[PDB]
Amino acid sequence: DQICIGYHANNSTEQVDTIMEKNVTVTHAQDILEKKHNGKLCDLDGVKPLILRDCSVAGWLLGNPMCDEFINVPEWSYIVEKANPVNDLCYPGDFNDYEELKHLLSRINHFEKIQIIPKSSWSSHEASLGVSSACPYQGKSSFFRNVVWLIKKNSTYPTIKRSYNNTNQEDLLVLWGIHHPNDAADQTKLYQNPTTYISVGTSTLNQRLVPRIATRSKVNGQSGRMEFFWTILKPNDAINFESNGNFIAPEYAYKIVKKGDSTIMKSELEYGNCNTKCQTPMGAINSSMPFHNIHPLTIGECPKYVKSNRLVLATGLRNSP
């Protein structure tokens, strides 16, 4: 007669690592890394992301005519943009402080677009003729929808003196621009006056832009350049334009409504018709693992990202062979 102390074995095949030994076989184990996504872009908590397709944030905000999809967008969860979106800045140039604006967009969930200076508000200048081959729409030459390319009326560009007061309760993103022609004859052809300027004023802004003449390579068949600036007009604050040419003038501005945490993710992917609680640039995540290894940039209720290939905790004991 005999009594024995002993312990559990089973038919487990699960292995875990220790400092002193690798692939120890254990009775029980708890894998804590999520390794699987669904490879789609999904709604986040029911809320759909703004998917720019071939449009850049710039293409969207200025209203490139090929970006008609995003003329009026509902509230979004997060924004997706490609690495190299084609429909950006159709008339070539720059967007001043673009990245800082993109940064601001990351704390924004809804813009409501409103008209601040009506296109048919211009008495002394031509406003229907500010178009280009670089921004085609339905075959014909067209321009960014949100800004007005002002031109001389019957050979005269009189000084413009326009003001807009923010009666809204929401911060206003206000967008404008300046045109840099290639030579003096272009300057005369559109605006007449040889030297011009645009001054922009607000409580905090003290701006004066001046056209930069240079001969340059045709980007998109144009050698001219548009350079776009912006400001956040506070409530009860007035923006003051004054200019004698080259002025690209606001028609529409964006009310900032319902700003909430959000991000712009970079992804060649397209919308997936799904819902998720945690999204990544490569796909969405559904898991209760404390960690995942999918991609560092997530948004939502997400597990923590690590660069591991494997994280498995022993819970049972060493399984005998």
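Residues carry their position along the shown sequence, with the first being 1.
**Student:** Comparing 189-197 with 139-147, which has the greater mean CA B-factor as deposited?
**Tutor:** Mean B over CA atoms: larger for 189-197.
**Student:** Which is higher in the entry, the mean Cα B factor of 14-22 or that of 297-305?
**Tutor:** Averaged over C-alpha atoms, the B-factors run higher in 297-305.
**Student:** Thinking about Cα B factors across the chain, which third does residue 59 belong to?
**Tutor:** Lowest third.
**Student:** Going by what the PDB entry lists, where does residue 102 fall on CA B-factor within its chain: lowest, middle or highest third?
**Tutor:** Lowest third - that is where residue 102 ends up once the chain's C-alpha B-factors are sorted.
**Student:** Among all modelled residues of this chain, ranked by Cα B factor, put residue 227 in the bottom, middle or top third, i.e. lowest, middle or highest.
**Tutor:** It belongs to the middle third of the chain when residues are ordered by C-alpha B-factor.
**Student:** Taking the C-alpha B-factors as the PDB entry records them, is residue 81 in the lowest, middle or highest third of its chain?
**Tutor:** Tercile = lowest for this residue's CA B-factor.
**Student:** Of the three thirds of its chain by CA temperature factor, lowest, middle or highest, which one includes residue 39?
**Tutor:** For residue 39, the deposited C-alpha B-factor lands in the middle third.
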